[PDB]
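Asks: Once you've seen the sequence and the experimental structure below, I've got questions.
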Amino acid sequence: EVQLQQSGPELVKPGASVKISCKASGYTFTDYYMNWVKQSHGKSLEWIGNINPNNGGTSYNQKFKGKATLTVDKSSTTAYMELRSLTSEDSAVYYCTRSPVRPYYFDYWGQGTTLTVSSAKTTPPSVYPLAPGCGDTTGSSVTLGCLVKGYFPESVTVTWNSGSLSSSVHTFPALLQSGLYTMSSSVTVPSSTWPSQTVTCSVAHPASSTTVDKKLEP
Amino acid sequence: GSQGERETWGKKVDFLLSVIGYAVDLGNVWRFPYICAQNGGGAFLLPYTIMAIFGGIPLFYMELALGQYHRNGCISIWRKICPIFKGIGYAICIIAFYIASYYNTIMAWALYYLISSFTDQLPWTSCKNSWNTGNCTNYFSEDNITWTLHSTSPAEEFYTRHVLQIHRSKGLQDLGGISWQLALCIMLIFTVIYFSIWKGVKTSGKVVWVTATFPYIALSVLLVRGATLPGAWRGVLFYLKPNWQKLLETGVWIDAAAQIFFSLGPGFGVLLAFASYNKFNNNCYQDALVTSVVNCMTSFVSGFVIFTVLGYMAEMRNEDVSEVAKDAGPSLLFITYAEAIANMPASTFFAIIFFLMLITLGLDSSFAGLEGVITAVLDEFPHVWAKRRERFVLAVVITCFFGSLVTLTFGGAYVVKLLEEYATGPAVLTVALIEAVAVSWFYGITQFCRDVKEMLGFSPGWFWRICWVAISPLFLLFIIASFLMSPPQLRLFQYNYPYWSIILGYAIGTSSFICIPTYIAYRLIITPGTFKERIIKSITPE
Amino acid sequence: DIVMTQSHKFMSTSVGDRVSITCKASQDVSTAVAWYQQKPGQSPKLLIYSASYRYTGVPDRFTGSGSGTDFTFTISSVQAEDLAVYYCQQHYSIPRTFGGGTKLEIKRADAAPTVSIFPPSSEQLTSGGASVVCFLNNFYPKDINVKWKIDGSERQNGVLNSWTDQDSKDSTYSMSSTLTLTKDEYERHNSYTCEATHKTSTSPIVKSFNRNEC
Ligand SMILES: CC(C)CCC[C@@H](C)[C@H]1CC[C@H]2[C@@H]3CC=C4C[C@@H](O)CC[C@]4(C)[C@H]3CC[C@]12C
Ligand SMILES: CN(C)CCC[C@@]1(c2ccc(Br)cc2)OCc2cc(C#N)ccc21
Ligand SMILES: *[C@@H]1O[C@H](CO)[C@@H](O)[C@H](O)[C@H]1NC(C)=O
Ligand SMILES: *[C@@H]1O[C@H](CO)[C@@H](O)[C@H](O)[C@H]1NC(C)=O
Ligand SMILES: CCCCCCCCCCCC
Ligand SMILES: CCCCCC
């Protein structure tokens, strides 16, 4: 049950600093190196550096020297990474991963941390439901969906009926325009469950911390 | 008269090999390969020679000529040059007393390893022992094993918790008490150096025959052995891989300068004493040249001997030769190299010849290190001493033994690092700077070239004269200034030294040469007349 | 430093086929190489470590081999949940570096896209805007044309095409074409049409709706 639980997403203006944590569990925390890997959007993995939790001995990368600072807390068994002088290149998904001394591999990774460095104001999303028309032909299955428009930065989570049931759900990647993201989602449910039961889409924006839920009415 | 003249050498080859045996030691075997690999790789060969030719060779030859000319010890030779600097000959003595406190205990470790190598199964192979912990994980064990931050190897456990027993001390604060086994080993070594000295330069030239020649045979056997090991090309690649961006850093040149200076070991009066017994018409130039070249090339082949085995070790592990070579010090020989020996066929043989090689590497250098001081005091106090030479030699050996008891404790290694880096080194460089300044700028370089013109029949060339006038004193001055400006941070065995360590080493370093300034004040206050006349009798020889 | 070079940025394979990915390093690596699997939207997962050896919790269908600069990661039976991005990494020398990555796309038979057009909701009409949606679900391959018609006329303005990642169940791509317009322009037109041209059939699939109370 080895689990590394990182912090949530972060939106910060350029020139500021940001700190990301890592909560380790399921293993002896003093036995392993803690690491951080930066993954840029569409790019490959990049090793930042490791730290020895016993003495906190830090080993960085020449590319990241003077960029990232690693710390560790043995009381809570929690590792920290701090970044200063933030630019647009620093926007990426960061991970904290456990590694042994040898052979050196990353066995367990954190869920990841989405970082966005921009001066754009945090914009609450607009949630508009998409309801099939009353003139459509109802077949063996009907397709519903919900729309999200005008939010920044990219952090959004759209669920359906508290997670039950999505086996058909298709989610469309977000598109950035005029500094605001826009995306949409759809689901294919049989004609026997609609509109008999209650099907409601939930849109959560952790950056603005705004959760708006909308139910589909034909 | 009561005593007319002193002794001489039994054969040219005896002292020719005696100065070489003095100059060849452990540092040539280990210290040079590591500093060569981490700085510039093979490109480190360029600055290493420049600091030799310009810095090292003129100090070795200038130090070697005065001994064969004046034929006096490290003390009495200053009475004939600059009496106020006579304290130098005393400072070296005190300096020697510090150096003998550690340098022998290393051979004591190698001896405890040698007597433990007579078992069919070597102790650092298996993890089942009285001294091993639960972290011990060895090979010929379950596969798939992954190393842990707290895990340790059976060789690391054997050196750490058994022979050194460093787990029993918390640091410099509490290092007590003393280990009796290493006390017995260092007693056997102080006994084997006693019988190679007490009879004078007669035995010290005869015993050198075995101690100087054996390390080359052992290095040949270990070279043919390491060359046949698979994956040995990784350590040779990491060893010779040129990095030319390192020469731009001002540090690597200082590292090469200090390395060649300490490797040749001039200005300590040992070469002065070895040259003191020799023919007057004998050639100094060819001697110093050949000996220095033999030392440097010995380090060069030692690099291959080390890095073939470390390349095989990086092949058995996964590459990155810097990772297995991370630790710089005795742990490279006593843990890494030893653990690499335990995994090879006829491991008892290659272990015995290895540790015996180490002991023979230190023994001759100890013979000469004591020989310079004994010659210095015997020549400084003649006929009040020399009543028996074995009496004075024994009186020095026992004093060195009681001085090495601080090093024989459980925390002795910390005292080794502290004394070597923070105390003995800067004071040897300092006294060597005082000698290089005194011979050139006081007795004069022109009269020195005239003395060389008397012994060799011809005056030394302008290349050497311009080196003694300028290049050499600035060559030592650069090293001393570099150390004093930024003393390095000391670390050993996952333990960082306290901030006050530099205060202690300096306190031990300064206390060695306290004698020269107070002696200058002694002759300055003793000599009557004007201070210019006192400094005139001090500048003019007696 | 060390450069891990993956020459193939994309590789195609079919369910059940034997697939292999090559990893070219800078210098001689000996046996030290690690193969990681990162699924879309997930953290990387360690699969292979130190040439042939497998980490715990890794199925038998994943293998690896090679000793040298070049290494090979081999999958015998490819499943639908095996769709992910694979990375190779050298753990010997500091710093540790990764390859460019190889995205493994699954090849299967063609599928007819299901197209569904949707009118703007009243909640969006309260805010003064309207958007007609065109959904394309369960098709293959990714390449498909989408043409919009407001009334009888091709509308190329205000159209956004979004292609998702390949599916981990039936391995079928899905895309969305969005038409965003003002409310004033939305109330001046009635029947909207969106069509899609794919390689499964020569006739583009056409969907239409009426603006007046469906
Ligand atoms: C050989 C003689 C002349 C050297 C003496 C110099 C003195 C001042 C130096 C040498 C050793 C030093 C001490 C080494 C040990 C300790 C213990 C530590 O918990 C406090 C610092 C302290 C107390 C140091 C204080 C300064 C010190 C006492
Ligand atoms: C290669 N050379 C350095 C060997 C000489 C060793 C050394 C020595 C002295 C006394 C005794 Br007992 C044994 C050896 O001669 C001069 C010197 C300076 C330092 C320092 N710092 C160290 C060692 C010596
Ligand atoms: C192994 O080492 C760790 C620290 O290095 C120590 O806490 C532990 O007690 C050791 N194991 C045993 C069995 O002593
Ligand atoms: C592989 O090594 C790890 C070391 O932590 C160990 O936990 C694991 O059990 C080993 N694998 C097997 C199959 O024993
Ligand atoms: C590399 C230096 C070997 C000798 C160490 C002696 C300690 C003093 C060194 C001063 C210059 C670094
Ligand atoms: C300048 C050196 C000072 C040393 C004090 C013990």
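Replies: Now that the structure is in, tell me what you want to look at. Numbering: from 1, shown residues only, chains lettered A, B, ... in the order given. Ligands and ions are numbered 1, 2, ... in the order given.
Asks: care to break chain C down by domain?
Replies: Here the domain parsing of chain C from curated CATH domains is C:1-108, C:109-211.
Asks: quick one: is the first one near chain B?
Replies: Yes. Where contact is defined by C-beta under 8 Å from any C-beta of the partner chain, part of domain C:1-108 touches chain B, namely C:28-32, C:50, C:53, C:91-94. Quick note: C-beta positions are derived from backbone N, CA and C, even for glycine.
Asks: Of all the domains of chain C, which one is nearest ligand 4?
Replies: For the domains of chain C, the distance to ligand 4 is smallest for domain C:1-108, at 5.7 Å, taking C-beta to the nearest ligand atom.
Asks: can you give me the end-to-end distance of that closest one?
Replies: End-to-end span of domain C:1-108 (C-alpha to C-alpha, to the nearest Å): 40 Å.
Asks: Which positions in chain B make contact with ligand 4?
Replies: Within chain B, the residues that sit near ligand 4 (C-beta under 6 Å from any ligand atom) are B:144, B:146.
Asks: Not counting sequence-adjacent ones, nearest residue to the residue of chain A most remote from its centre?
Replies: No residue in chain A sits farther from the centre than residue A:135, which is 38.8 Å out by C-alpha atoms, centre = their mean. Distance criterion C-beta to C-beta, 6 or more residues apart in numbering or on different chains; nearest residue to residue A:135, sequence neighbours excluded, is residue C:214 at 4.2 Å.
Asks: Also residue B:307?
Replies: Closest residue in space to residue B:307, ignoring its immediate chain neighbours: residue B:235 at 3.5 Å, by C-beta to C-beta, 6+ apart.
Asks: Looks to me like the one you found is in a helix.
Replies: Yes. Assigned with DSSP: H, G, I helix; E, B strand; the rest coil, residue B:235 falls within a helix.
Asks: need the contact list for it.
Replies: Residues near residue B:235 by C-beta atoms under 8 Å, 6 or more residues apart in numbering or on different chains: B:306-314, B:321.
Asks: now residue B:59
Replies: Residues near residue B:59 by C-beta under 8 Å, 6+ apart: B:261, B:264, B:266-267, B:432, B:436, B:472, B:475-476.
Asks: burial measure for the residue nearest to residue A:135, as a count.
Replies: Counted with other C-beta atoms under 10 Å in any protein chain shown, the neighbours of residue C:214 add up to 13.
Asks: still on that earlier bit, any chance of the domains of chain C in CSV, with distance to residue B:128 and mean neighbour count too?
Replies: Output for those, formatted as CSV (distance: least, C-beta to C-beta, whole Å; neighbours: other C-beta atoms under 10 Å in any protein chain shown):
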stretch, distance to residue B:128, mean neighbour count
domain C:1-108, 27, 18
domain C:109-211, 51, 17
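Asks: Dump the ones you listed to JSON lines, plus distance to ligand 6.
Replies: Formatted as JSON lines, the domains of chain C follow (distance: least, C-beta to the nearest ligand atom, whole Å):
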{"stretch": "domain C:1-108", "distance to ligand 6": "38"}
{"stretch": "domain C:109-211", "distance to ligand 6": "68"}
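Asks: Nearest to residue A:122 among those domains would be which one?
Replies: Among the domains of chain C, the nearest to residue A:122 by C-beta to C-beta is domain C:109-211 (19.3 Å).
Asks: and residue A:171, helix, strand or coil?
Replies: Look at residue A:171: counting by three-state DSSP, its state is strand.
Asks: Surely it touches residue A:185?
Replies: Yes. Residue A:171 lies in contact with residue A:185 (C-beta atoms under 8 Å); the separation is 4.9 Å.
Asks: and for the two, which residues touch both?
Replies: With C-beta under 8 Å, 6+ apart as the test, residue A:171 and residue A:185 both reach residue A:158.
Asks: which one of these two has more residues nearby?
Replies: Neighbour tally, residue A:171 and residue A:185, criterion other C-beta under 10 Å: the higher count belongs to residue A:185, 22 against 18.
Asks: What are the contacting residues of the strand or helix carrying that one?
Replies: Secondary-structure assignment from DSSP states H and E places residue A:185 in strand A:180-190. Here strand A:180-190 makes contact (C-beta under 8 Å, 6+ apart) with A:123, A:130, A:140-154, A:156, A:158, A:160, A:166, A:168-175, A:199, A:201, C:133, C:135, C:137, C:160, C:162, C:176, C:178.
Asks: what about burial for those residues, which qualify?
Replies: Neighbour-count burial (16 or more other C-beta atoms under 10 Å in any protein chain shown) is assigned, among the contacts of strand A:180-190, to A:123, A:130, A:142-149, A:151-154, A:156, A:158, A:160, A:168-172, A:201, C:133, C:135, C:137, C:162, C:176, C:178.
Asks: Taking the centroid of chain A, which residue is nearest it?
Replies: Mean-position check on chain A, C-alpha atoms, centre = their mean. Result residue A:114 at 5.2 Å.
Asks: what about it, which SS state?
Replies: Relying on three-state DSSP, one would call residue A:114 strand.
Asks: picking that back up, quick one: which two of the contacts of residue B:235 are the most distant?
Replies: Spanning the widest gap among the contacts of residue B:235 are B:306 and B:314, at 12.2 Å by C-beta to C-beta.
Asks: The residue nearest to residue A:7 when sequence neighbours are not counted: what secondary structure?
Replies: Spatially, and ignoring its direct neighbours in sequence, residue A:7 is nearest to residue A:21 (4.8 Å; C-beta to C-beta, 6+ apart). Of the three states, residue A:21 takes strand under three-state DSSP.
Asks: quick one: contacts for residue A:21?
Replies: Taking C-beta under 8 Å, 6+ apart as the test, what residue A:21 contacts is A:6-7, A:78-80.
Asks: From those residues, which land in strands?
Replies: A:6, A:78-80 (DSSP state E).
Asks: ranking those residues by neighbours, who comes first?
Replies: Within these, neighbour counts (other C-beta under 10 Å) peak at residue A:79, which reaches 28 neighbours.
Asks: Tell me which helix or strand residue C:12 sits in.
Replies: Assigned by DSSP H and E, residue C:12 falls within strand C:10-14.
Asks: list the helices and strands the next helix or strand after that strand packs on?
Replies: Counting by DSSP H and E, the element after strand C:10-14 in chain order, helix or strand, is strand C:19-24. For strand C:19-24, the packing partners by 3 or more C-beta pairs under 8 Å, 6 or more residues apart in numbering or on different chains; DSSP states H and E come out as strand C:10-14, strand C:70-75, strand C:85-90, strand C:102-107.
Asks: and the ones you listed as TSV, adding distance to chain A?
Replies: TSV is the format used below for the helices and strands packed on strand C:19-24 (distance: least, C-beta to the nearest C-beta, whole Å):
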stretch	distance to chain A
strand C:10-14	13
strand C:70-75	14
strand C:85-90	6
strand C:102-107	10
